[PDB]
Number of protein chains: 2
Amino acid sequence: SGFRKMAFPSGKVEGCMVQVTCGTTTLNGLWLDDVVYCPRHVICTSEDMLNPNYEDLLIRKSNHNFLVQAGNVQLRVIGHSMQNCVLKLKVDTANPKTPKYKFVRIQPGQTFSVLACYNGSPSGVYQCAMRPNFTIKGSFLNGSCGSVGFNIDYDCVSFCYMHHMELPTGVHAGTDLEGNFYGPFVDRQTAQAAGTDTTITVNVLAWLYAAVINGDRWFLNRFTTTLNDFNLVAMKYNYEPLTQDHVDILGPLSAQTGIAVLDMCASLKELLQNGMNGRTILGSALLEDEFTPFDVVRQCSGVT
Amino acid sequence: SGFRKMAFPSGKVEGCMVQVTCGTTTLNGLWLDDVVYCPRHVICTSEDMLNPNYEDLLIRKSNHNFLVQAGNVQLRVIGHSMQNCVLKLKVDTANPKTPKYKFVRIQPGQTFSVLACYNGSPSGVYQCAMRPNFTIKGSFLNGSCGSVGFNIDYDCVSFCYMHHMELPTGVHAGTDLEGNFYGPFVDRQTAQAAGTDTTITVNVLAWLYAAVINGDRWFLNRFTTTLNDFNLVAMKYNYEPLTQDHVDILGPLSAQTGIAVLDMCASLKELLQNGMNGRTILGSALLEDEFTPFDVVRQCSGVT
Ligand SMILES: *CC(=O)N1CCN(C(=O)c2ccco2)CC1
Ligand SMILES: *CC(=O)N1CCN(C(=O)c2ccco2)CC1
């Protein structure tokens, strides 16, 4: 029993973190096989980051200008290229700790673990969600860029995020491991405002299911609703529209608990309309939206 | 910027988890050097766990009855002993991945990372606090016993917790790595009720400091208080008494922010008396008490 905001074990990713230094800029890189992946802004002076021309800046850089250090051993860089907003540094040694891995581009509402690193050294691990406005709410100080987000399926690390920037509002923006930003963000120090941070409805429902399974039941009511009726209330409270796809995804949690998805919708509807009245659910005073239906099943079933 | 409930990187502890099987009971064990540490209740039939006599049960057990598996390789058990509520299984092979380590017995209010495991395989990592009633609020299913709690100081893992039991109220009890329970709990399936789960005052204040540092400032007021005046309000709200020791510990966060500890006490006092009025602090609708002053400094400074 008990339900916790739970990250994947980080060891497989710890084994992949290196330090990348270009001139006076030191960031993190991800070493998989004989490639090191890092944010292309490693090549910028903070002056450059006002309006950088990365192709032009990169002409001035050689293999030997990229200093790559794994623990306290230097890797030999034998090639470099830019793919979107990342650099791929070819090194002469395959990472002996390379796990089975994939690069995946997640959808908004999907959750992942971040291994926060500084100078290629892990400081901590936490669970995130790709927000509907394509930001993440992370914990990233200067030096943390190149820290990655991942999921693990048994022995395969799916890398979904690399950290690139903090918006003036203190929320975070980054790329997949092909170097394509999530959302409309650019690796430039300019006016970039996030859109509406809406609540991930399907995740709230999954977490209400988790609460029932773990004995927190006070919010279960006598009501049901329809997708359309629920969605009117969702819209009013800046919740994501609930789709039949979302209902299908919640099917197994529905089955296990014997609470129809639309009944749990009606419970969530009353919580939105009435508030918590100073009560808590799984130790929260607000409705948690950074557990996926998959996360709830995994943690409630004990997958390794 | 941003502040997250952050666990230590788990890799060093992942390398220490094994499976222990005695008859039909399979739990987790911690392999350090040539010793495997596990809960002594590995020897019990669930019938036994009503009123077990562990010394008597252990007479019936040989080295060869303890099946120890590290990945998919069996370890040879060459000795076994009971220390308090843990078994120490001597194996013929030193764990090659043994990190630098210590066994520490933490105080209530101290935080630690848990690596939740099943069958000696890591499923996830989360941050906990030793509650003032010597319980922890974890995420533990059947098979999770022998999962451990730890802190890391650069390269040294301090092991502070091994998971042994769930109370009927779905909160968790366990031992240090000398096998001594935290609090008054016993490894018996009997009536065991937790005392008052009071709020860790010094941790709330540390987290209010974290909030100020990360730009969440709406709750800062024009007031101050005294330790005695604050403590009257603390008592009323089932908060731990604040001591001069706690004030001294918050000194560096006071210094960094320029907010006197007693001013932040007065802010917390108004939050207790007035509530959040539907507002949030670092994305919470309640006052978080599972960050230590040390945790706030570490995460705000980016220690690795
Ligand atoms: C995410 C990260 O580590 N960084 C550090 C490098 N960089 C800057 O310091 C910078 C330059 C101009 C604006 O910010 C980006 C963030
Ligand atoms: C923590 C853990 O893994 N367990 C599993 C073994 N055990 C029981 O199933 C049990 C027997 C009697 C009561 O509970 C303790 C908890």
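Labels below follow one simple rule: chain letters A, B, ... track the order of the sequence lines, proteins then strands, and each chain is numbered from 1. Heavy atoms only: backbone and side chains are in, while hydrogens, waters and symmetry mates are out.
Heavy-atom pairs under 4.5 Å with chain B were tallied for A:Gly2, A:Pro9, A:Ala285; the largest tally goes to A:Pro9. In terms of non-hydrogen atom pairs under 4.5 Å with chain A, the most contact-rich of B:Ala7, B:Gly275, B:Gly170 is B:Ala7.
Take A:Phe150 and apply the ring pair (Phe, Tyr, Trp, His ring centres under 6.0 Å) test, not counting sequence neighbours, and it matches no residue.
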Distance-only check: which donor-acceptor pairs of chain B and chain A lie under 3.5 Å?
unit_1	atom_1	unit_2	atom_2	d
B:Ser1	N	A:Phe140	O	2.7
B:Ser1	N	A:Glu166	OE2	2.8
B:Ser1	O	A:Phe140	N	3.1
B:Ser1	O	A:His172	NE2	3.3
B:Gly2	O	A:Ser139	OG	3.1
B:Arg4	NE	A:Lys137	O	2.8
B:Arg4	NH1	A:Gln127	O	3.3
B:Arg4	NH2	A:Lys137	O	2.7
B:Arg4	NH2	A:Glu290	OE1	2.8
B:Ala7	N	A:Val125	O	2.9
B:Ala7	O	A:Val125	N	2.8
B:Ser10	N	A:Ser10	OG	3.0
B:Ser10	N	A:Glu14	OE2	3.1
B:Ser10	OG	A:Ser10	N	3.0
B:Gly11	N	A:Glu14	OE2	2.8
B:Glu14	OE2	A:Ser10	N	3.1
B:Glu14	OE2	A:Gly11	N	2.8
B:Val125	N	A:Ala7	O	2.8
B:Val125	O	A:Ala7	N	2.9
B:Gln127	O	A:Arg4	NH1	3.3
B:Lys137	O	A:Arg4	NE	2.8
B:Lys137	O	A:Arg4	NH2	2.7
B:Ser139	OG	A:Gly2	O	3.1
B:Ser139	OG	A:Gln299	OE1	2.6
B:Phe140	N	A:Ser1	O	3.1
B:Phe140	O	A:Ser1	N	2.7
B:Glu166	OE2	A:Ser1	N	2.8
B:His172	NE2	A:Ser1	O	3.3
B:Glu290	OE1	A:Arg4	NH2	2.8
B:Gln299	OE1	A:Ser139	OG	2.6

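For B:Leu286, the parts lying under 4.5 angstrom from a heavy atom of chain A are both the backbone and the side chain. At a 4.5 Å heavy-atom cutoff, the contact between A:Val303 and chain B is made by backbone atoms alone.
The number of heavy atoms from other shown groups lying within 6.0 Å of CZ (B:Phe294) does not exceed 12.
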